[PDB]
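Chemist: Dropping the structure in here first, questions after.
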Amino acid sequence: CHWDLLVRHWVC
């Protein structure tokens, strides 16, 4: 679970 600031969500 890393924060993808591009879309603005947690990508696990």
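Convention: chains lettered A, B, ... in structure tokens order; per-chain residue numbering from 1; ligands numbered from 1 as shown.
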Enumerate the residues of chain A with a DSSP assignment of strand (DSSP E), computed from the backbone, and present them as a PyMOL selection string.

Modeler: chain A and resi 2-4+9-11

Chemist: Got time to write the residues from that selection, C-alpha atoms, as a CSV table (one decimal), in the first residue's frame?

Modeler:
```csv
chain,number,residue,atom,x,y,z
A,2,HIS,CA,1.8,3.0,-1.4
A,3,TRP,CA,0.2,6.5,-2.0
A,4,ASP,CA,-0.2,7.2,-5.7
A,9,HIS,CA,-5.3,6.9,-3.6
A,10,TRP,CA,-3.6,4.0,-1.8
A,11,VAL,CA,-2.4,1.4,-4.4
```
